[PDB]
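Asker: structure for the following, please:
(2 chains, ligands or ions: 4)
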Amino acid sequence: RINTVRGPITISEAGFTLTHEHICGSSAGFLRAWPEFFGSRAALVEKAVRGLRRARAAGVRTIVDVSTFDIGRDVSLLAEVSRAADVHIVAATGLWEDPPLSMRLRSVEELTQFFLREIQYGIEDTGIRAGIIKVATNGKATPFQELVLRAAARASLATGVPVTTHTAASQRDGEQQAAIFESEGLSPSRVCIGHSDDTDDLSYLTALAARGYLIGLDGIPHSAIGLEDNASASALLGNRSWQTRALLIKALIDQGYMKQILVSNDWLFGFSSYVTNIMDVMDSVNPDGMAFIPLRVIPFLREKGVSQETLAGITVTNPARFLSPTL
Amino acid sequence: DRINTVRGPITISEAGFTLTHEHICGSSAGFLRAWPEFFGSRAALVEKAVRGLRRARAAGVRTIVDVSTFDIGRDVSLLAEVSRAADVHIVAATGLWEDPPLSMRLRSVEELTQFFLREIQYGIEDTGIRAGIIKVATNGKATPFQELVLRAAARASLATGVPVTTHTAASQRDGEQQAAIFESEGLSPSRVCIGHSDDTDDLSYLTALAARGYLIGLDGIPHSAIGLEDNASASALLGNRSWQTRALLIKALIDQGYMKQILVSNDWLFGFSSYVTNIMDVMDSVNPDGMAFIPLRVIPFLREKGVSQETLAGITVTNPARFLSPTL
Ligand SMILES: [Zn+2]
Ligand SMILES: [Zn+2]
Ligand SMILES: [Zn+2]
Ligand SMILES: [Zn+2]
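Answerer: Residues are numbered from 1 along each chain as shown, chains lettered A, B, ... in the order given. Ligands and ions are numbered 1, 2, ... in the order given. See the structure here:
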């Protein structure tokens, strides 16, 4: 049984499940401290609930919100949005690209206790528990990032919740990640290598798939084609098309790794950890928001020969098996 | 001429004896809320800061300026709570210290100015507590962003009248480069305390500034790791100059004639998460007085070296209150 922000639910209550989404991409404390940045706090919470409603109209029953502490995971703001839309939300624990000083100077012993705090006891005074552990690298692991992986693996072994990881896929990051993970004795089935549609090296994915790992093609609408005037927007979203990412799903089923795909949008309704008005530009690319998966990518795949049977396994069965704890 | 503490405004005269650089907690933003167990509990941290705050009250302190910014983890409801309990005025801080996260770092100088003025004019968070001072920092040659932070902090101060205090690596003559940016923005040296300057011995560097009109913050008087050379992490934080060696810098800056531009404080704290673990264990036994070290051990030291009580009173009451009075 899975922990959501509104309590525990059973495996089959989950349904069609986006497995890497954000409500707001921010920093810790930024939302409390400068909420005019997003218009107002209520201005943003409306923007999420409009956008979540649109996906729940499209069949989505659960999102996994992989914002960690250093992304500003306002776990109350989540459960606010989760009532008003009737979408389960699974919150995350862990650490992203930007930990603060009070994190960086901790030992792998200390980080393991904090990770188990938010899985076993609760995120802040709020009593909500996290069902997934997010971690991150961009290239070679820094010594701290190395600690984070081992602490998240030692956490994932006392609790059974899985690990999802941020990756710069162009530099075969999952390889080092999985090397570090397996050194701690974590089953490759308890780990999704994320941001993996950012590469075109299929051999790297299928090699990683074949050791047992789950592959996050969680970036399907991230494309800055049409924004070759925005320098920063092109940097954040890559020059590969959405169909280019989407086809890598079919290509990975073809190698007989349907059992191992998770698909998601990596969308967000507030974005402060990048240049200003980046959210202005991203919403014009993709008005559908988080609804881009059931409205545009599921039709596109049925148009390329993927039946409703295996689509339903990827969107319902795979996240169900992946989020259920396992000792 | 009123100043904003965390329990509403007060008048200049109400300030009294004032430590112009202190911390209740040295942390990062929401670290306290997220992992209170690192400090024992949120209760346990509040007990310990009130205890130390009453010890300094009984030695005669009324007002401390807690200069923790957003990224030192400035919990103003926490600060308001220990101000109620220990009957001590606490001025709160806006600005950006050594560790700004992504959502500040990507901001322009215009935006950062909108943010400082928000914490000065409107309030901090949803609490409606207003800041009385803008803290910024460099170590060495300013990063381009540190130039953006100094310039926006300077634009707020001209727009509001609140002073700017700073953190420096004194040994590298930072106050030279801070001052050049400040004065390039139209800001009066009277509005800027160049701090952490008892971490140098280059006396002519302090005097060169102080003549240009700046205030000089001697804000780490019991920082010294003497007798703690085997602890390499502690020796890095506190340095190897004893506390007498710093306390002399006061008397030596009085003498040069600059009694009016001298602010004195501890840079103490009751919870420290943004350094190695158990560093708070070490610091509390170097100095059991805590924030009381300036009334209890540095004041009697200076009178034995022959400073006039009328000069001491101006240093701790006339000097802070002139700094914190808003001036457009
Ligand atoms: Zn990511
Ligand atoms: Zn993400
Ligand atoms: Zn400092
Ligand atoms: Zn300080």
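Asker: C-alpha only now, for contacts and for neighbours.
Answerer: Fine.
Asker: I'd assumed residue A:135 was in a strand, is it?
Answerer: Yes - counting by DSSP: H, G, I helix; E, B strand; the rest coil, residue A:135 is part of a strand.
Asker: how many residues are close by the residue in the stretch 51-200 of chain A that chain B sits nearest to?
Answerer: Closest contact between the stretch 51-200 of chain A and chain B, by C-alpha to the nearest C-alpha, is at residue A:102 (4.1 Å). Residue neighbour count, defined by other C-alpha atoms under 10 Å in any protein chain shown, stands at 22 for residue A:102.
Asker: confirm for me that it is in contact with residue B:30.
Answerer: No - no contact is recorded between residue A:102 and residue B:30 when judged using C-alpha atoms under 8 Å, the distance being 10.1 Å.
Asker: sorry, back to before: ok, for the residue of the stretch 51-200 of chain A closest to chain B, nearest residue in space, not its chain neighbours?
Answerer: Distance criterion C-alpha to C-alpha, 6 or more residues apart in numbering or on different chains; nearest residue to residue A:102, sequence neighbours excluded, is residue B:274 at 4.1 Å.
Asker: what is the neighbour count of residue A:126?
Answerer: Count around residue A:126 with other C-alpha under 10 Å applied: 12.
Asker: next, residue A:327: secondary structure please.
Answerer: Residue A:327 ends up coil, using three-state DSSP.
Asker: neighbours of it, how many?
Answerer: Neighbour tally, residue A:327, other C-alpha under 10 Å: 8.
Asker: contacts only, for it.
Answerer: A:157, A:158, A:159, A:160 (C-alpha atoms under 8 Å, 6 or more residues apart in numbering or on different chains).
Asker: could those residues be laid out in TSV, adding neighbour count?
Answerer: Formatted as TSV, those follow (neighbours: other C-alpha atoms under 10 Å in any protein chain shown):
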residue	neighbour count
A:157	19
A:158	12
A:159	15
A:160	18
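Asker: report the beta-bridge partners for residue A:24.
Answerer: Beta-bridge partners recorded for residue A:24 (DSSP bridges): residue A:270.
Asker: does it really touch residue A:271, like I thought?
Answerer: Yes - if you go by C-alpha under 8 Å, residue A:24 and residue A:271 touch, sitting 5.8 Å apart.
Asker: more neighbours: which of those two?
Answerer: More neighbours surround residue A:24 than the other of residue A:24 and residue A:271, with 26 against 23 (other C-alpha under 10 Å).
Asker: number of residues surrounding residue A:309?
Answerer: Quick note: residue A:309 (other C-alpha under 10 Å) scores 8 neighbours.
Asker: got it, and residue A:143?
Answerer: Neighbour number of residue A:143 under other C-alpha under 10 Å is 9.
Asker: show the contacting residues for the residue of the stretch 51-200 of chain A closest to chain B.
Answerer: Residue A:102 makes contact with B:27, B:28, B:31, B:273, B:274, B:275, according to C-alpha under 8 Å, 6+ apart.
Asker: likewise for residue A:257?
Answerer: Per C-alpha under 8 Å, 6+ apart, neighbours of residue A:257: A:206, A:209, A:210.
Asker: isn't the first one up against residue A:254?
Answerer: No - Residue A:206 is beyond contact range of residue A:254, at 10.5 Å (criterion: C-alpha under 8 Å).
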